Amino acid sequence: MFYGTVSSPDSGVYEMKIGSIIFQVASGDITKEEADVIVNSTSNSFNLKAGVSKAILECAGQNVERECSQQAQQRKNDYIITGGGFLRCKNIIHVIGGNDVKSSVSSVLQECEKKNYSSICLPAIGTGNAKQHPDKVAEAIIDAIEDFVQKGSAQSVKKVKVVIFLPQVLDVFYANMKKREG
């Protein structure tokens, strides 16, 4: 009831509509992207510096690292929202890589509607240090977006892009898109 056709608008980029949202995947360095929100896949202490989290915390800078540790000591958080630091975004949302990926993406979408944001960029959450399987992660990310659209919750959010470090993981996302296509 929601899926459009899969195509390639630019070299190495693949896209399809999911209701009112354009869903895109590409390989590359997420720290070079511009979006209202960039997502970090981190540990339950919000201080992982390995895999994509290393690059995100290094490029964001020490004020963002300090925001993370300040919030982590205040309460038990499922995820935290910080400034963008020196990344090209308005906020970073730091999710726990080992948590249920569908739940994490649903939370990101809801927080972006609360701020009237239009664009999101995320990694293949959980496929690094957490060692969740890439097929299960792709299925969960796309299921979260489908549920958000089905409930009529997409109003401000218009574009969700997954920028993936390993080309072999991109291939798994593309196959999942083709399974769903209208």
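Numbers follow the displayed sequence, beginning with 1.
Higher mean CA temperature factor between 70-78 and 86-94: 70-78, per the PDB entry.
As the entry records it, the average C-alpha temperature factor is higher for 52-60, out of 52-60 and 133-141. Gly126: CA B factor in the middle third of modelled residues in this chain (values from the PDB entry).
Among the modelled residues of the chain, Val13 sits in the highest third by CA temperature factor in this PDB entry. When all modelled residues of the chain are sorted by CA temperature factor, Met177 is found within the lowest third. The entry lists a Cα temperature factor for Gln155 that places it in the middle third of the chain's modelled residues. Annotation for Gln168: C-alpha temperature factor in the middle third relative to the rest of the modelled chain, per the entry.
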